[PDB]
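The structure appears below as structure tokens.
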Amino acid sequence: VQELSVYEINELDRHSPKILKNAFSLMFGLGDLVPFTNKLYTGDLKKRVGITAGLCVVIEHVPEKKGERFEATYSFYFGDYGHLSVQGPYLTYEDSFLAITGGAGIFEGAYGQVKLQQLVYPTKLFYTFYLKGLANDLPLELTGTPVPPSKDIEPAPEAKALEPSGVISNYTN
Amino acid sequence: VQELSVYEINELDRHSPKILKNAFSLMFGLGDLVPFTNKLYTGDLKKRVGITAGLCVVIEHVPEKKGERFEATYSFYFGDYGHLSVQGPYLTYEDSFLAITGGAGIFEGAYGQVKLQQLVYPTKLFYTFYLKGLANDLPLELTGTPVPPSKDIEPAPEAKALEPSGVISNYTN
Amino acid sequence: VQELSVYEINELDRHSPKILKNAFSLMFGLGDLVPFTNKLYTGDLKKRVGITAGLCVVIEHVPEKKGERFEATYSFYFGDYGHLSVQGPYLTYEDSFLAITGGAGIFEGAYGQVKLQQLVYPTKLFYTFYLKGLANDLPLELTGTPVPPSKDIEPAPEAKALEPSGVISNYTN
Ligand SMILES: CC/C=C\C[C@H]1C(=O)C=C[C@@H]1CCCCCCCC(=O)O
Ligand SMILES: CC/C=C\C[C@H]1C(=O)C=C[C@@H]1CCCCCCCC(=O)O
């Protein structure tokens with residue numbers, strides 16, 4: 001297993017989330033679809049790597065937990081390195097695990113599960129991929145010691161500003 | 001290979017299915033989207049395990065077969081144990097095989113194919129997962145001898161009523 | 001690794017693509033969903049094999065490239081042989097790689113990645129699957145030398161007309 005952590009940040013400049021509201025209910029419900037795309041940073045928050053991109057399908061409102069259950073299908077993009085794809089549950093009120101459905105580029109052959117931790121609803125999430133199947137060790141610029149997750153984390157200023165020192169080559173946008 | 005069978009039943013209490021109509025047709029057509037979530041029971045029908053959850057994308061109506069072709073992306077949830085994710089053909093008129101795209105929890109590393117068997121449209125289905133890649137033998141409460149599929153199968157009364165003897169721990173709902 | 005090349009062609013007879021417009025702009029944007037299904041032919045263009053089927057989720061317009069980024073979830077159907085499922089990036093303006101999430105039939109256990117090459121937007125594409133995990137060698141009628149990719153490719157007359165010599169057994173439709 002190679003652990004890979006990343007931070008997903010919604011900086012609200014990608015038209016995301018887009019809510020397609022169709023459910024029988026005022027609250028989120030089955031029928032509601034949420035296409036989305038957020039920014040993706042390294043686990044040590046030093047570099048912008050790319051984006052998340054995909055679809056959240058509402059399954060139910062969970063009133064006891066004051067939150068929603070989604071079924072999510074999406075990918076994580078790492079510039080020229082490639083991408084990872086996942087499928088599984090996103091619960092707005094607690095951590096979950098998703099399936100790693102595959103990958104491309106350096107992530108070809110990827111399998112396993114990924115831990116999803118929401119830090120600030122809906123703007124900050126922290127992921128830990130427990131990656132199996134890779135052909136090589138991950139590049140060092142992706143495996144810096146992760147910043148421990150908390151509501152107070154922020155990407156490095158130079159990564160948010162897209163300085164060359166704060167981005168990977170041809171980071172996904 | 002570890003065979004795992006489950007029954008999927010729409011008990012009409014989860015607002016499912018939800019039809020998002022966009023095809024210019026009285027019948028299902030390309031454009032129509034169907035988010036869904038049904039109940040999942042063990043193959044021996046003794047216990048409630050969880051739910052299915054995901055999306056059926058209508059591909060075409062097939063008049064000569066009196067049914068529809070869907071393309072389906074969804075997951076099968078087994079309470080505290082984890083989940084399985086699938087992708088592939090969902091035909092209302094005949095049995096099919098779908099791809100196992102991955103899993104989480106005890107299903108981490110899962111791969112192979114799953115047989116979707118028609119039972120009673122649009123209420124009951126029977127599945128057999130041909131599971132490869134699991135870390136351990138499946139728990140016994142999930143691998144009781146399956147009830148042979150027929151139109152008149154029913155979950156055990158304790159399972160339907162969600163009594164502790166009829167559910168797995170933290171059964172998904 | 002086993003390489004498998006196929007041509008995907010929109011012959012305008014499957015109601016595809018269907019544009020579900022939800023972004024407020026005239027251009028494609030997040031919120032727009034595109035269910036689709038095209039015809040699939042062998043790499044040597046001698047035989048109809050089946051169809052593609054699934055969903056393109058618009059992620060963003062890319063004005064500097066005069067094109068779109070989609071996130072795609074779909075399958076490739078090969079008649080009685082089975083199917084392959086994929087997840088990943090679909091860019092209207094340049095080639096990409098998608099993840100192979102799994103398969104069924106002769107493609108049970110499939111993993112790897114697939115190169116998507118656009119030939120004519122929005123009508124013709126060429127794919128090269130880098131397939132791992134297959135139980136057997138691919139059937140010879142799928143592994144003929146490909147026609148050189150260009151905007152001018154056409155299926156053999158017998159394949160377009162669905163004569164026995166121009167189709168595989170129970171080709172998907
Ligand atoms: C276990 C099978 C249960 C239901 C089948 C549906 C589903 O979960 C996914 C696709 C199917 C769509 C059937 C639509 C026909 C009926 C629509 C109206 C209704 O049943 O309330
Ligand atoms: C084999 C490729 C055939 C069609 C490509 C489409 C598809 O099957 C899935 C996504 C694509 C969407 C195309 C939207 C085109 C709308 C613009 C029409 C134009 O190019 O003038």
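Please note: Cβ atoms are built from the backbone with ideal geometry, for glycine as well, and neighbour counts cover all protein chains shown. Each reported figure results from applying straightforward, stated rules to the coordinates on display, with no laboratory input.
Can you list the trypsin sites (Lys or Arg not before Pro) in the range B:1-76 that are in a DSSP coil and have 16 or fewer other beta carbons within 10 angstrom?
Values: sites: B:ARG14, B:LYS18, B:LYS21, B:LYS39, B:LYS46, B:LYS47, B:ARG48, B:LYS65, B:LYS66, B:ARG69; in loops: B:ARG14, B:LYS18, B:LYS21, B:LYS46, B:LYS47, B:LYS66.
Hits after loop and neighbour filter: B:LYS21, B:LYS66.
Convert 37 °C to kelvin, take the viscosity as 0.692 mPa s, use the Kirkwood radius over C-alpha pairs of the range C:1-85 as Rh, and evaluate the Stokes-Einstein diffusion coefficient in µm²/s, rounded to a whole number.
Roughly 230 µm²/s, to the nearest whole number.
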**Study point:** Size of charge dipole - the protein assembly as shown - debye, nearest 20, with Cβ of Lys, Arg +1 and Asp, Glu -1, no other charges
**Key:** 760
Revision key, fill the gap. Rounded to the nearest 500, the 222 nm mean residue ellipticity computed for chain C from DSSP H runs (n ≥ 4, each -39500 (n - 2.57)) alone is -500 deg cm²/dmol
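Can you put A:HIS61, B:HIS83 in order, fewest other beta carbons within 10 Å first?
Listing A:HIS61, B:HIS83 from fewest to most nearby Cβ atoms yields A:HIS61, B:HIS83.
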**Study point:** Where only alpha carbons of the range A:80-173 are counted, the Rg and the Dmax (Å)
**Key:** 14.4, 36
Point to revise | As computed over the range A:41-131, the Cα convex hull volume per residue (Å³) | key: 89
Point to revise | Overall dimensions of the range B:61-102 as given by Cα atoms, namely Rg and Dmax in Å | key: 13.0, 43
Check your understanding: In µm²/s, what is D for chain A at 10 °C and 1.306 mPa s, where D = kT/(6 pi eta Rh) by Stokes-Einstein and Rh is the Kirkwood radius from Cα pairs?
Key -> 97
Review point. Once you mark the GluC sites (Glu not before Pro) that are in a DSSP loop and have at most 13 other Cβ atoms within 10 Å, what is the longest gap between them in chain B?
Key: B:12-93
Exercise for review: Would you please name the chymotrypsin sites (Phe, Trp or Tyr not before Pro) within the range A:1-43 that are DSSP coil residues with at most 16 other C-beta atoms within 10 Å of their C-beta?
Suggested key: A:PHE24
Check your understanding: What number in nm² do you get for the protein assembly as shown if you take the convex hull of its Cα atoms and divide its surface by four?
Key -> 23.7
Study note, to complete from the structure: Hits in the range A:104-121: amide N under 16 Å from the 7 Å Cα→Cβ extension of A:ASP152, namely A:119-120
**Study point:** Options C:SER16, C:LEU30, C:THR73, ranked by Cα towards positive dipole end of chain C, top entry (Cβ charges)
**Key:** C:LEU30
Practice item. Going by the rotation axis that takes chain C to chain A, pick out the residue of C with the closest C-beta and quote the gap in whole Å. Key: C:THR101, 2
